[PDB]
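J.: Just need the structure, nothing else, for what follows:
(chains A, B, C and D, ligands or ions: 2)
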Amino acid sequence: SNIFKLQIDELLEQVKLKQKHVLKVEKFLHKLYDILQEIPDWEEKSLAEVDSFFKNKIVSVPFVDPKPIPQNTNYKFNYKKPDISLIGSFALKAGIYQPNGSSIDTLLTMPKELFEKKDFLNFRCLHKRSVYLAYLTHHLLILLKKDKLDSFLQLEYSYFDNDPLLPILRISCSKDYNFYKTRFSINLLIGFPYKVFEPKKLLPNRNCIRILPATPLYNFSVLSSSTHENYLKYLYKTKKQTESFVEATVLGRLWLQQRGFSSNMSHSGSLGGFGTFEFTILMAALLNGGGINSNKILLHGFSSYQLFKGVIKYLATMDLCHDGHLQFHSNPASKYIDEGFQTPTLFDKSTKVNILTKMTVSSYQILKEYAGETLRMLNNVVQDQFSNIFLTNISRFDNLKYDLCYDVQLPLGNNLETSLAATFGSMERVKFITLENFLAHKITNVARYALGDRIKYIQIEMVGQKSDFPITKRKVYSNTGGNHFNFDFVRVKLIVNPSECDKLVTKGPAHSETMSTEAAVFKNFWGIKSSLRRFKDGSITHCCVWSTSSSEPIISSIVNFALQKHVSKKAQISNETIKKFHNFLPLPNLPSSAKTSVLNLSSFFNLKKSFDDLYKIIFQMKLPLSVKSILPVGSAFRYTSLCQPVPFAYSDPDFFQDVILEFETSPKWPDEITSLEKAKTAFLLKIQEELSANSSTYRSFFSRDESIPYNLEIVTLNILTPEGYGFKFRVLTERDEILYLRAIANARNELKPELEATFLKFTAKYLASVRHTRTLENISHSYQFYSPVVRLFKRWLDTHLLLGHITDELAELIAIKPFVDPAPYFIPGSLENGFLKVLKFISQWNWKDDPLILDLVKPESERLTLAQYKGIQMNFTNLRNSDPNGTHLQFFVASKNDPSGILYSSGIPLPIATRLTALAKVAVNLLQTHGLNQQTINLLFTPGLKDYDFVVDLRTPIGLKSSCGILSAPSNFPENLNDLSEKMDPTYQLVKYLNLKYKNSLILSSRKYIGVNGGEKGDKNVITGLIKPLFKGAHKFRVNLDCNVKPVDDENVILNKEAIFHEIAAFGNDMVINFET
Amino acid sequence: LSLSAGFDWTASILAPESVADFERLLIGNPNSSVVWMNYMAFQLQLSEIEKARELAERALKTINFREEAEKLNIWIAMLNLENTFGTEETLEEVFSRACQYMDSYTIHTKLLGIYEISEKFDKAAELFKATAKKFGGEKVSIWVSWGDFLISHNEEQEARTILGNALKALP
Amino acid sequence: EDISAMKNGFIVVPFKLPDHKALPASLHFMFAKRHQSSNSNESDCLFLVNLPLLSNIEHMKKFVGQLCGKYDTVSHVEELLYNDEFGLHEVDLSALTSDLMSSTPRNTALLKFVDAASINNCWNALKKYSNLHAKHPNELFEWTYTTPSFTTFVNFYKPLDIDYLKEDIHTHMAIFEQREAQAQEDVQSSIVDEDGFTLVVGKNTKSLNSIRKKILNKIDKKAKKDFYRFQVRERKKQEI
Amino acid sequence: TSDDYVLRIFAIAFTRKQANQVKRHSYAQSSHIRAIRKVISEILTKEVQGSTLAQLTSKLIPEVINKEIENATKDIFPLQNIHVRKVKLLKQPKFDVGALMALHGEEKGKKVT
Ligand SMILES: Nc1ncnc2c1ncn2[C@@H]1O[C@H](COP(=O)(O)OP(=O)(O)OP(=O)(O)O)[C@@H](O)[C@H]1O
Ligand SMILES: [Mg+2]
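T.: Numbers count the residues shown, from 1 in each chain, chains lettered A, B, ... in the order given. Ligands and ions are numbered 1, 2, ... in the order given. Next comes the structure:
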């Protein structure tokens, strides 16, 4: 906790505004306040008279829509001096330094005498306010010219909290009174006096616009404008009572900003409505109660962390929209009512206002999940969470912050279609002041109803909406809008639910003799797509049926249909980003592959069943030792193999799934290492011999394995299952482990590190591998999208020639980071969302100074404890102490299955590691510069190939893409099993064998998966090289040089690049085609 | 177009006068004992004996195990390091550790020269007696090197005695 | 090209290289030196540096023969020692784990001859064969890069011969049981030193070597704080 | 288990007489019983911790566990009729439908009109 307190203080001082810039601003506004009092009074005017008065002036009255007409504007207008005042954060001295800039709110109270008691009807007051703002702007303009400040101050109108009904004047300073360096902008709020209109008549339920339907937004606009100083006085008291208020207020403001929240209006569509002011009020509501029993939830003695946590905990758990709300008094204890108003509510009974009218239900719902999300983080004790809570921005990319994004291009967008516009109607104008406010609600309702349980959180955003317009125009002007609609296009962002997202029916109400209300609306909503169906359960319910595709999710179809039917039949809904990513995933050559959803793992289940049949056979076979256990360890068993397994497609590298065979403990094993290997084979001979006789349908052959350095006697049995699958068998013996340890002990000291590497590979292949596949198999079930994203990620590595060195295991452990540690983001729920998060992590991950340690546990036992965690942390520090630069080891990936962390990341040359970081940085930078679009994503998946010193073009005789089961095909295994080679791609073994020879001089890389990344025929592959710096230059001749060189002088040689070209050319034989240097 | 990143070979994407310069040099020159010795000597000049020892262990591991000549330089530097700035115990530890890894007789020779250079003649005489007892029966050089030392220090009679012992032990 | 010898004594021995379609007079050079070592098996050898790819004895046999014809010298190459292209044979894991069945630079190998008359004859040719590049590079030899071993190495994905594998297991186990049987008797046979000390060998121990390895690998609680008059007296001293 | 299944196992074993034994009985001293009991507890703990419930039940059917116990306890005291007497399931994790389907190796209705 003490670490947290010091961290908080370090943050506060860093963001603390510099007091000199405070004085610079107070010097101005005080002088500005003199200007305002200079402004002369005015007499009563009619709308005709004021129109003439402003007819020729540069200033234009920014009237609110609908503009007053001569008939209804019989009431007059007049301007008097206001009661100037300063409100907002700067009043409470709780502001902070913002690089983008802050805002100084100055409230101008219109005198009461400029009102009638019934001015709160039919926009009467809003009109009176608009002109009064207009009169100030003109006279302020000339007086600004008189004092010669007009040189560096720019004047424009804008909307307060993006409220169209509340235009305001904004003062900003371009580059003595110049406050540009202060990065502040003054905003002149024209608010009404307190209690001018009976607040009872302005309650949300009532109506104030004659046309009856209620007008919560319009009611909020006037009533809030009349209550500004009151909330300043209320907040001011609390800051006195509790000494911890201000630093509590800043923290929330910091937290809110990172999550892309603000006090700006949300009904228009942008995410917001929960800003510092509301976060500030919500404490003052809690500091005077908060519970159902009205008991205090926050004490004035609470420190900064305690106040902050209480509010976050309050939002996370108690509900304010559907069931229950909080009411308090500014001027009486705060109490949580059970009854709910179905909208985010926080009354202020003293003032009869609802502070959360600007909050949308969709926005409010998301705010909880962030509240609930951090509250788990905040209670976390094992890992520090300060950096994630406060010092990380999730709102930079919507796609990282939202699983699926759809952009709907509405028709006729210089005014919107007449048909759609007629839907706006008079009634909804009263309910919804602007069309944008209305249309956002139309989209979210139908989008919310149609997707149903398929989604968790939905946001509808009016892209390209402005809020500030020049003084010469009355309302905002959009290039597409033409003053009609302040937006360009609407983007639908969704947080999908992986469990039910791919459900092929949308269930509905159950059938009954009389059509129920819930049943009726369902039939109306989906129309023809609606059908009444029966299942094999025996149930009869209305439901509509869709079709999966291996290109797009079912959601894409639903929203496309859903919007066009009700919103407008000319809408164009498109998500090309998601579609291309789905395509990049290899498509299996199985029946009905195109209709398979990427969340389907059925291809893997068939392989497991194929294993199970062989699994029974081995047990009942009689051997000198009983079979202790047969453990599958192959890639396809953990849903991480790149291309789905396909029957008989034996050209794929991952075709032969390894399986570990362990016999009962016996004391008779050979004591020597080679004899142990040959003992293990002898069983595989007997297993092979007996298997042939009892089940001649299967076929078998032997192959050597050389992964384990210097253990050259290991032999494996390959079993070819008639279902069309391959398995490799290897025997694990208890004596096997201790024989290595004996080898390290007896080795000379210089050689002990080398033997340790050999042991490291072994424990990676036999011992640790079993634990990995078990943990990754189970955990994948809760994280549905893990199998696709990790495969597509492995694809991405291969295109850039990295899977040759990055052991496949390291690929999974990196790819699972966004899932087990989603903070500050959400769990990936879509293929685009998951893959980028893997790239975002690698980009920002500093592997020399930060270790990566993962809690391979399902979502909330088997979590890491404090002692284990401090143990792994100590390992890294001990390691970096000996290896500060990280040359020998680059990636520290550890878990319970490997506390050491070096098992899955040893031997990677530093150049390759930097590339995975460098490429990740380049990728994310590209997304920031150019948004996710078809062109950008194509770049992500094409290899540069220019940085490598020399490029050798390599080609196979036959196209393998069919033989890899990759649908752009064999149906039985060849009779003579020697033929298996003739449809294989040996480049991966060529590179592996080359690297050893030129380990000290060259780093060669090649595409392991040729079928996927080898062109249309899957037969084009490339060997790219690199020369180490020492041998790039000339070197004196010595025996220990140990590299292929050419002479220049008596004791000088240079790398014989031309010779190395042949030796590469020798291996490929016919395969090598073209060389580049 | 394509995503392309320059191949970064000092992890930057993530004469020598500073730690950064020496560490930067070792990136491309892990097998050069001279760079390691220069970095070690830089720390010793900075009075960072504890750090200078720590670099020595890294040099012993980082240098390729085949580069015996480079390794021999590192161990010799450590022998000079402990002799000049260390105590008797730590020097013995490095010395005993040194004989474990490399040719045992050679390290006896190097520590013996180090004592003569440092003018620790009293310790130098003793280490001959240990060196000659272990290797005198096989190496004529130790006896000759002893006779040089005794003659150089004006002990002719002791040289005659050592020559008699040399004949007794040698084949 | 004018160079014929490195000043440290390594004679350059240039060759011409094959022609292949992918790369449309590229040369590969070897640096050789006479090797001197009292060890008999390493005697009569030629030390070599920067050997061509996958160079087995057969490749040399072609080369030494191609040298023999041009310079009418009789030289027979016996074998190629310490030829480990890929570092696969640095550490003999069999030797480390036990003594039974295994009693035991880079880019270089030792080239042994049958007799001294052969090696000096071959060396004198190597001096001549060096001079050619300065004068007549065109007659330089050609490394085939292809031999029966090369073909076997290339064919990575080849099933092993089940008939061969069974016979390898059979002889290997038959030897091991004999060695295991021979040792286990020696440990438990009443070993006696010359001075009448009987070694202590436990039951179930198998090899004298393991006994040696175990050896290499490998009052205060009974003292009473107050038993003698000085101890209590010392306790009396500290008590006051 | 590795699945967060908390389970209890009961293992039962009996002493036996050697081939050439002449004594009527084959009682084992308590020092052997506590030694054997310690080994049996270790083996059960090792297997279940290093396994899933689905994997664990795959161990029970061939009774490889009983064979492992016998070899471990062979040095201490010869035994017979070694069995896993019972397996109790105390607690279960949150139910995961996704796993349940995978262990067992969706479907459309028929238009009713
Ligand atoms: N939701 C709301 N309901 C009622 N009054 C509001 C609301 N939001 C703002 N106000 C009034 O507007 C004044 C200024 O609003 P604003 O949101 O800019 O305040 P702030 O907390 O100072 O902002 P900032 O985040 O820019 O520092 C507040 O002091 C309050 O008088
Ligand atoms: Mg503000």
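J.: domain assignment for chain C?
T.: C:1-114, C:115-174 (CATH domains of a matching chain).
J.: most tightly surrounded among those domains?
T.: domain C:1-114 (a mean of 17; mean count of other C-beta atoms under 10 Å in any protein chain shown). All C-beta atoms are positioned from the backbone trio N, CA, C, and that covers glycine.
J.: can you give me how far that one is from the chain middle?
T.: Relative to its chain's centre, domain C:1-114 lies at 14 Å (C-alpha atoms, centre = their mean, to the nearest Å).
J.: Taking chain C, what residue is nearest to ligand 1?
T.: Residue nearest to ligand 1 within chain C: residue C:87 (64.9 Å; C-beta to the nearest ligand atom).
J.: contacting residues for that residue?
T.: Contact partners of residue C:87, counting by C-beta atoms under 8 Å, 6 or more residues apart in numbering or on different chains, are A:996, A:999, C:106.
J.: Residue D:80 looks like it's in a helix, true?
T.: No - the assignment for residue D:80, made by DSSP: H, G, I helix; E, B strand; the rest coil, is strand rather than a helix.
J.: nearest residue to it other than its sequence neighbours?
T.: Excluding its sequence neighbours, the residue lying closest to residue D:80 (C-beta to C-beta, 6 or more residues apart in numbering or on different chains) is residue D:16, at 4.0 Å.
J.: now residue C:86
T.: Leaving aside its chain neighbours, residue C:86 sits nearest to residue A:996 (4.1 Å; criterion: C-beta to C-beta, 6+ apart).
J.: ok, and what's touching the helix or strand hosting the one you found?
T.: Residue A:996 is part of helix A:987-997, with elements assigned from DSSP states H and E. In this structure, residues lying in contact with helix A:987-997 by C-beta under 8 Å, 6+ apart are A:653, A:804, A:954, A:1002-1008, A:1010, A:1021, A:1023, A:1064, A:1067-1068, A:1071, C:53, C:85-88, C:156.
J.: Mark which of those are part of strands, please.
T.: A:954, A:1005, A:1006, A:1021, A:1023 (DSSP state E).
J.: Show me which of those residues is closest to chain B.
T.: If you rank these by distance to chain B using C-beta to the nearest C-beta, residue A:1005 comes first, at 11.2 Å.
J.: how close does the closest one sit to residue A:1021?
T.: Distance, residue A:1005 to residue A:1021, by C-beta to C-beta, to the nearest Å: 11 Å.
J.: Just want to know which of those two has more residues nearby.
T.: More crowded of residue A:1005 and residue A:1021, by other C-beta atoms under 10 Å in any protein chain shown: residue A:1021, with 27 against 23.
J.: check which helix or strand covers the residue nearest to the spatial centre of chain B.
T.: Centroid-nearest residue in chain B: residue B:76, 1.0 Å away (criterion: C-alpha atoms, centre = their mean). According to DSSP H and E, residue B:76 maps onto helix B:68-85.
J.: residues from chain B in reach of chain C?
T.: residue B:66 (C-beta under 8 Å from any C-beta of the partner chain).
J.: Up against chain A, what does chain B have?
T.: B:1-9, B:11, B:13-14, B:23, B:26-30, B:54, B:57-58, B:61-62, B:65-67, B:100-101.
J.: Tell me the buried residues within those residues.
T.: B:3-5, B:8-9, B:11, B:13-14, B:23, B:26, B:30, B:58, B:62, B:65, B:67, B:101 (16 or more other C-beta atoms under 10 Å in any protein chain shown).
J.: which ones among these are found in helices?
T.: Of the positions in these, B:23, B:26, B:58, B:62, B:101 sit in helices, assigned by DSSP state H.
J.: Now do the contacts for the residue in chain B that chain C sits nearest to.
T.: Closest residue of chain B to chain C, C-beta to the nearest C-beta: residue B:66 (6.8 Å). Neighbouring residues of residue B:66 by C-beta under 8 Å, 6+ apart: A:1040, C:105, C:106.
J.: In terms of helix, strand or coil, where does residue D:105 fall?
T.: Strictly by three-state DSSP, residue D:105 counts as coil.
J.: Pairing partners for the strand ranked longest in chain C, with directions?
T.: With secondary structure taken from DSSP E, chain C has its longest strand at strand C:27-35. Next to strand C:27-35 in the sheet, as set by DSSP bridges, lie strand C:11-16 (antiparallel), strand C:45-49 (antiparallel).
J.: show me what contacts residue A:341?
T.: So residue A:341 contacts A:204, A:321, A:325 (C-beta under 8 Å, 6+ apart).
J.: Kindly report the same for residue A:968.
T.: Going by C-beta under 8 Å, 6+ apart, residue A:968 touches A:961, A:962, A:1016.
J.: My understanding was that residue A:661 contacts residue A:729; is that so?
T.: Yes - taking contacts as C-beta atoms under 8 Å, residue A:661 lies within contact range of residue A:729: 5.6 Å.
J.: Tell me the secondary structure at residue C:121.
T.: Classification of residue C:121 using three-state DSSP returns helix.
J.: any idea how far residue A:329 is from the closest residue to it other than its chain neighbours?
T.: Distances taken as C-beta to C-beta, 6+ apart put residue C:73 closest to residue C:121, at 4.2 Å, once the chain neighbours are dropped. Using C-beta to C-beta, residue C:73 is found at 114 Å from residue A:329.
J.: Likewise for residue B:71?
T.: Separation of residue B:71 from residue A:329 (C-beta to C-beta): 81 Å.
J.: Residue A:573 now?
T.: Using C-beta to C-beta, we find residue A:573 at a distance of 47 Å from residue A:329.
J.: Show me what from chain A comes close to ligand 1.
T.: A:87-89, A:103, A:105, A:224, A:228, A:231-232, A:263, A:275-278, A:353, A:355, A:358 (C-beta under 6 Å from any ligand atom).
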